[PDB]
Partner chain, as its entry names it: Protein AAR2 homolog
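Encoded as structure tokens, the following chain is the form deposited without the partner chain, with no partner shown.
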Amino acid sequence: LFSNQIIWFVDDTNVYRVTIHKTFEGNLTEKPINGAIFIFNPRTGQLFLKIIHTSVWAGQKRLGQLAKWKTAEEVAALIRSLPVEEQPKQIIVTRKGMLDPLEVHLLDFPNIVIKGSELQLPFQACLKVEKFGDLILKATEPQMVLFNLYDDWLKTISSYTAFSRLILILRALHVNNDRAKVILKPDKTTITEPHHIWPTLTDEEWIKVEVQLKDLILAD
């Protein structure tokens, strides 16, 4: 990572989502709720959040499988909307089921290398960060929203350090949301700016937070 090649991580985990309910009659219903594709540039912190509205599933079967294909279609659509100089050189899919759908959808983009990964990058943790969760839940149509997942960090730290910090945050939220949120609020006065994702912390506070997040992930 981090060279002069544009790299995107693509996480399709959260595209097809449902609420499972046991009815008074004893049967399970699985009603879809809105999902999202996360498309993430680890060098710049750019996130393209493509919100997937439940209308896309209307009249369809095997929604989990179809979701992989929907994701590939949407990644291709995003690429086509961008100038060539902004298109990724590499796409790293977080789940192996995306490899074949994305290959088939990107045949017109011979410069783009697609590969899988064993990295633990749980963008699903973002669903419990209110500023994404409510946005996704309340959407009434598909849309794409841009974010900067590194806030103002790159003013003083490298892309490598920023990526590592983000991964620790996401993995810790994933493992234990409530404890991660406490670690990320070290003082009564700790705030997150309205346009930021993460809290405003001193350098010293971040050092302590990063060790605590890592320990939380290790405890599993």
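Residue numbers count along the first chain shown, from 1.
Two stretches are in play, 120-128 and 71-79, and the higher mean C-alpha B-factor belongs to 120-128. The PDB entry records a higher mean C-alpha B factor for 109-117 than for its counterpart among 109-117 and 80-88. The PDB entry assigns the greatest CA B-factor among 159, 177, 41, 34 to 177. Highest C-alpha temperature factor among 57, 163, 153, 48 per the entry: 57. In the PDB entry, residue 169 places in the lowest third of its chain by CA B-factor. When the modelled residues of the chain are ordered by their C-alpha B factor, residue 14 lands in the lowest third. Ranked within its chain, residue 6 lands in the middle third, by CA B factor from the PDB record. Split the chain's modelled residues into thirds by C-alpha temperature factor. Residue 137 is in the highest one.
This next part talks about the form deposited with the partner chain bound, which is not shown.
When the partner chain is considered in the deposited complex, residue 137 lines it closely, a heavy atom lying within 4.5 Å. None of the heavy atoms of residue 142 is located within 4.5 Å of the partner chain in the deposited complex. The partner chain is not shown here, and in the deposited complex it never comes within 4.5 Å of any heavy atom of residue 202.
Although the partner is absent here, residue 64 sits close enough that one of its heavy atoms falls within 4.5 Å of the partner chain in the deposited complex.
None of 150-158, 54-62, 187-195, 168-176 except one has non-hydrogen atoms within 4.5 angstroms of the partner chain in the deposited complex; the exception is 54-62.
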